[PDB]
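Data first, discussion second: the structure below is written as structure tokens.
Virtual Cβ from ideal backbone geometry, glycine too; neighbours counted across all protein chains shown. Each reported figure results from applying straightforward, stated rules to the coordinates on display, with no laboratory input.
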Ligand SMILES: *[C@@H]1O[C@H](CO)[C@@H](O[C@@H]2O[C@H](CO)[C@@H](O[C@@H]3O[C@H](CO)[C@@H](O)[C@H](O)[C@@H]3O)[C@H](O)[C@H]2NC(C)=O)[C@H](O)[C@H]1NC(C)=O
Ligand SMILES: *[C@@H]1O[C@H](CO)[C@@H](O[C@@H]2O[C@H](CO)[C@@H](O)[C@H](O)[C@H]2NC(C)=O)[C@H](O)[C@H]1NC(C)=O
Ligand SMILES: Cc1cccc(NC(=O)c2ccc(C(F)(F)F)cc2C(=O)O)n1
């Protein structure tokens, strides 16, 4: 344990609040950053709606149900909370069966005063704030009109009809799909993709034969129907639709799907579903254009039914992602990549962990991670893997140790180096959060039955101390805490036993970490270190990062203003910083990219109908987000591969 005098500190700081009876649908929303404002919304269906508010981080709520006029709020649309600190809150309310249109309750300041506005239409969707201006909203109506508002929902105007899907781009741009006749389901693949810069003053048709579309990073993606067929394929656009490239990705049937797994201004992770009811697909990573794709992972478990994947950005160390794959035998293994998908491997098992029945060898086994897929199978998993960018290196997850994901009741495992190494944090399932950029870690035992106790650790999970926060135990469902993992306030939620009420105990760790952190506590940490002795040690994507990192031994507060300190070393370029361009491959182990003897499959499709500027390749492209400098420069004098597809074909004219 190692902490002296904790019960004293936490006694004062434990704050209980009580709420009304089960069972009602419960919504909790944080409003703003550095505000402490929380909205709890409760709705009841029997032959109404309650709304509370707290400015103290959840220590004391007081009941503002007065401010909505006592009317009935609909949990379908929930609470549409404005971006950043704009403080916008919008609630959609239920109206009499035959009404003009719907009604919403608008707060422009952190839910202190609400104004009720009657809409000219009926909302089919939660209203969506424009990213650049929180005063801009768009909604889809039940008649499929696209409605827009410049004034934050006071006045609306219908800027197009027959709209399937509509999204805010950057700079108040709206992208939406329309349909000619029939219904969005009927005309699917026949959809038309539009853009409007001026909020409906003027439009442009950027797409046709559209199955679907989506945004990630700088890319606009659209899947387009074959003129000849039911197959579709991805086209990509960097200009917001003005020009369109066919991706080098396989086409799919109507059985299959694309999923954008992750996107950043450098690249995307694209999941392509496998033909047949596989339950798996292939992961591709793109180049910085989104045009050129590299096969990253085989048999990536993503289910056709319910849409579960285990795919996880480990957001506490750059380059690092974990995911599940379906082996040849039907068993699920976890895989981790440290280099942004350039290579996948098995997570290393804890030093002292021993293998389970899954493992065919008893001293030699991996760690496997419970994530969305596990949870969906009703395995005993209260939480998915957790990591925060402020807390460098830290990953917390339920797992098992063996050759595959085990159905047994999992322990909880922690990593401080971003997933290179692991130890058992806690035996048994737990709920966990991170406070104060890793200054504190907090855990609740997951029990079939009531708990009066919360666990906390100030050394990043190496040591734990038990605190009893209530002497009347609760049935415990969840933790609420301020997003961004910067506060010292945690809210334990649950209900009492039997004739009941929901309760929340919010604990301030304010005095548990009494003294502030200062330079002395931090220590120099090279990320991604494999071999100390090496010049190139810790180069990922062409460079190293050295971090200043809070000493495990130091017990103190990083503070709300804490800034991860790190400095880059820029590594010399090797071939391993380059990906094969179109029509090139690595045949041997050797990194070197050589010309393919000929194009096959979707390589041949791309070559046949492909956009011509990309056809000449350098054989080599710098991995996106790779910052390496100097060293090797294999990128080549451009060479036209157009003729080498068509050299086989007889040509006309
Ligand atoms: C996996 O998760 C990591 C950690 O969150 C992602 O890295 C983050 O990427 C975002 C977007 O590229 C970076 O955003 C920042 O946005 C501000 C403007 O709001 C801009 O001024 C900054 O220059 C920066 O772009 C964010 O800094 C970055 N976080 C860290 C710690 O590097 C990563 O993108 C995720 N991977 C994928 C493929 O999405
Ligand atoms: C934990 O919650 C308390 C509220 O109970 C937060 O206190 C606020 O602190 C800021 C700056 O320290 C003040 O400007 C606010 O006026 C305080 N509000 C109240 C109601 O006291 C405290 O910041 C939270 N702790 C952390 C680490 O975020
Ligand atoms: C889990 C699941 C189930 C069913 C469908 C999907 N994905 C898509 O429909 C999709 C989304 C985005 C894009 C685009 F934006 F990349 F183009 C293309 C498609 C596509 O399949 O055609 N995902």
Part-to-part distance (alpha-carbon centres) for the stretch 167-226 and the stretch 421-462, which is given in Å: 45
Efficiency of FRET from Cβ geometry, residue 25 and residue 125, R₀ 25 Å, rounded to 0.05: 0.85
Whether the stretch 75-203 is rounded, prolate or oblate, judged on the alpha carbon gyration tensor where a/c under 1.5 counts as rounded: oblate
Cα gyration tensor shape of the stretch 320-407, rounded if a/c is under 1.5, else prolate or oblate by comparing a/b with b/c: rounded
Estimated distance in nm for a label pair at residue 497 and residue 596, the labels positioned 7 Å out from Cα along Cα-to-Cβ: 6.5
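Determine the shape class of the stretch 515-571: with a ≥ b ≥ c the square roots of the Cα gyration tensor eigenvalues, call it rounded for a/c under 1.5, and otherwise prolate if a/b is greater than b/c, oblate otherwise. Walk me through the intermediate numbers first.
Details: a/c = 3.78, a/b = 2.14, b/c = 1.76.
Taking the square roots of the gyration eigenvalues as a ≥ b ≥ c, the stretch 515-571 is prolate.
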Label point 7 Å beyond Cα of residue 94 along Cβ direction - residues of the stretch 59-84 with amide nitrogen under 20 Å: 65-80
At 1.567 mPa s and 4 °C, Stokes D of the stretch 578-653 from Kirkwood alpha-carbon radius, µm² per second: 95
Label-point gap, in nm, between residue 112 and residue 186 - each point 7 angstrom along Cα→Cβ: 5.2
Computed lengthening from residue 85 to residue 143, 0.36 nm per intervening residue step minus Cα-Cα distance: 17.6 nm
Gap separating the Cα centres of the stretch 273-335 and the stretch 579-653, nearest whole Å: 24
Net lengthening on full extension, residue 639/residue 552 (0.36 nm per residue, minus Cα-Cα): 25.9 nm
Nearest-0.05 FRET efficiency for residue 465 and residue 56, computed from C-beta distance (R0 22 Å): 0.35
Helical contribution to [θ] at 222 nm, DSSP H n ≥ 4, -39,500 (n - 2.57), averaged over the chain, rounded to 500: -1000 deg cm²/dmol
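Determine, from the Cβ-Cβ distance of residue 519 and residue 346 and an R0 of 35 Å, the FRET efficiency 1/(1 + (r/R0)^6), rounded to the nearest 0.05. Before the final figure, lay out the partial values.
On the way: r = 38 Å, r/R0 = 1.09.
Efficiency, from the Cβ-Cβ distance: 0.40.
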In nm, spacing of pseudo-spin labels at residue 529 and residue 575 (7 Å Cα→C-beta vector): 3.1
Gain in span if fully extended, residue 171 to residue 244, counting 0.36 nm per residue against the direct Cα distance: 24.3 nm
Equivalent ellipsoid semi-axes, the chain, via Cα gyration tensor eigenvalues times 5, rooted, Å: 43, 37, 23
